[PDB]
Protein chains: 2
Amino acid sequence: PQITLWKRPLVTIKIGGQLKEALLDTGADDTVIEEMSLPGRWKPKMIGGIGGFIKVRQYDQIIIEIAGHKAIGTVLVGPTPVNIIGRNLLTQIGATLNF
Amino acid sequence: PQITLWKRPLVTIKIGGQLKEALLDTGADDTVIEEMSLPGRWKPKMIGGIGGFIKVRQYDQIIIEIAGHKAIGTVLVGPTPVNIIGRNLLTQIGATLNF
Ligand SMILES: CCN[C@H]1CO[C@@H]2OCC[C@H](OC(=O)N[C@@H](Cc3ccccc3)[C@H](O)CN(CC(C)C)S(=O)(=O)c3ccc(OC)cc3)[C@@H]21
Ligand SMILES: [Cl-]
Ligand SMILES: [Cl-]
Ligand SMILES: [Cl-]
Ligand code: NA
């Protein structure tokens, strides 16, 4: 699809067996999801943005379905105010910015 | 252009006659730039990001060139970690996300 940017580019995702709304975010290096449980190993990480840093759990090799497209990669889990799909998974679904 | 997301989608912008680097950010509603001098009056605005809220200065109807495309609109100035081009100006340059 082609998503215009008049409105937030929100899509439905499936992660950890749950459906969630997430923002397709080209200004995010990494994917960050609100608190939830994921299977396997994780390690702590700090990530920063406007407002400063938050502590997150880093899970690697997680499958996510993004608007119907399956991708695998690292997912950060922590107290983010919005679920964000960052470049590490946007690349896997072939997303590009065009103008 | 068609911009992939394997690296940060950084572009050159021109504002106040200065060249700067900025991030095309579909996750940002608004454009936020690091501290600089802009003409005219400003208005207060509180913006929230991943680590919390910051106060910024809101300047309206500012001329800004973005990867060679002319835009005129609102620019927020404040302690952002990186210059961010948000949806308010990505729509002015015709940008869309595609996959
Ligand atoms: C209330 C919403 N206002 C937000 C919405 O737009 C507003 O205007 C612009 C400034 C602020 O927007 C954001 O902070 N946008 C966030 C994504 C984001 C969206 C919503 C809430 C929080 C974050 C960005 O798209 C991605 N951010 C990075 C950029 C600030 C460089 S980030 O979420 O902090 C980030 C993500 C992954 C990551 O891995 C290393 C590291 C950092 C305001
Ligand atoms: Cl990854
Ligand atoms: Cl590619
Ligand atoms: Cl505007
Ligand atoms: Na894992």
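Only heavy atoms go into these numbers, but all of them, side chains included; no hydrogens, no water, no symmetry mates. Residue numbering restarts at 1 for every chain, and letters A, B, ... go by the order of the sequence lines.
- Residue A:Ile63 qualifies as open at atom CD1: its count of foreign heavy atoms under 6.0 Å is 12 or below.
- The distance from the CD atom of A:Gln2 to the CG atom of A:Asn98 is 7.5 Å, given to the nearest 0.5 Å.
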- Test B:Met46 against B:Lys55 for side chain to side chain contact (heavy atoms under 4.5 Å, CB included), laying out the working first. CA-CA 5 Å; B:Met46 285 287 314; B:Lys55 299 177 98 145; 3.3 Å; yes
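- Applying the 6.0 Å contact sphere to CD of A:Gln61 captures no more than 12 heavy atoms from other residues, nucleotides or ligands.
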- Item | Full working for side chain to side chain contact (heavy atoms under 4.5 Å, CB included) between B:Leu76 and B:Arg57 | CA-CA 5 Å; B:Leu76 313 180; B:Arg57 309 196 310 273; over 6 Å; no
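- A continuous path of hydrophobic side-chain contacts links B:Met36 to B:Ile13 [ILVMFWY only; heavy atoms under 4.5 Å].
- Residues B:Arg8 and B:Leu23 come closest through the heavy atom pair CB-CD1, 3.9 Å.
- To the nearest 0.5 Å, the span separating CD1 on B:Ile33 from CD1 on B:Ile62 amounts to 11.0 Å.
- Under a hydrophobic clustering in which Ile, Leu, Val, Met, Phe, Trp and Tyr are joined whenever their side-chain heavy atoms come within less than 4.5 Å, directly or via other members, A:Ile66 and A:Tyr59 fall into the same cluster.
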- From CA spacing to verdict: side chain to side chain contact (heavy atoms under 4.5 Å, CB included), A:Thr96, B:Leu5: CA-CA 7 Å; A:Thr96 61; B:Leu5 301 169; over 6 Å; no
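- When all heavy atoms of B:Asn88 and B:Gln92 are compared, the closest pair comes out as O-CG, 3.7 Å.
- The backbone N or O of B:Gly86 lies less than 3.5 Å from a partner atom in the side chain of B:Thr31, making a donor-acceptor pair.
- A salt bridge is absent between B:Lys20 and B:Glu34: the closest approach of a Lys/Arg side-chain nitrogen to an acidic carboxylate oxygen does not fall below 4.0 angstrom.
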- Item | Worked check of side chain to side chain contact (heavy atoms under 4.5 Å, CB included) between A:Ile47 and A:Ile54 | CA-CA 6 Å; A:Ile47 57 164; A:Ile54 58 167; 3.8 Å; yes
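- Linking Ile, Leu, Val, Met, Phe, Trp and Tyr residues whenever their side-chain heavy atoms come within less than 4.5 Å places A:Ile3 and B:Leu89 in a single cluster.
- Rounded to the nearest 0.5 angstrom, B:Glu65 CD and B:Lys14 NZ are separated by 4.5 Å.
- Taking the six-membered ring for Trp and thresholds of 30 and 60 degrees, B:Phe99 and A:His69 have ring planes more than 60 degrees apart, a perpendicular arrangement.
- Using a 4.5 Å cut-off between side-chain heavy atoms of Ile, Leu, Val, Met, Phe, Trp and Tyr, with links allowed through other members, B:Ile85 and A:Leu90 fall into the same hydrophobic cluster.
- Looking at B:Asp25, B:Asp30, B:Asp29 one by one, the single match for salt bridge (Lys or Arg N to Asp or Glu O under 4.0 Å) with B:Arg87 turns out to be B:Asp29.
- Between A:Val77 and A:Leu38, some side-chain heavy-atom pair lies under the 4.5 Å cut-off.
- When all heavy atoms are compared, the tightest approach of B:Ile50 to A:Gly52 is CG2-O, 3.8 Å.
- B:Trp42 is connected to B:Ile64 through a chain of hydrophobic side-chain contacts under 4.5 Å among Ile, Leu, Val, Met, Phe, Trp and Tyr, so both are in one cluster.
- Residues A:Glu35 and A:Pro79 meet the side-chain proximity criterion, which asks for heavy atoms closer than 4.5 Å.
- Minimum interatomic distance between B:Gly49 and A:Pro81 (heavy atoms only, all atoms of both residues): O-CG, 3.6 Å.
- Between the side chains of A:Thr74 and A:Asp60, at least one donor N or O lies within less than 3.5 Å of an accepting N or O.
- Looking at B:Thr26, its side chain does come within 3.5 Å of a backbone N or O of A:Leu24 through a donor-acceptor pair.
- Using a distance-only test at 3.5 Å, with no hydrogens or angles considered, no donor-acceptor pair links the side chain of B:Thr4 to the main chain of B:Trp6.
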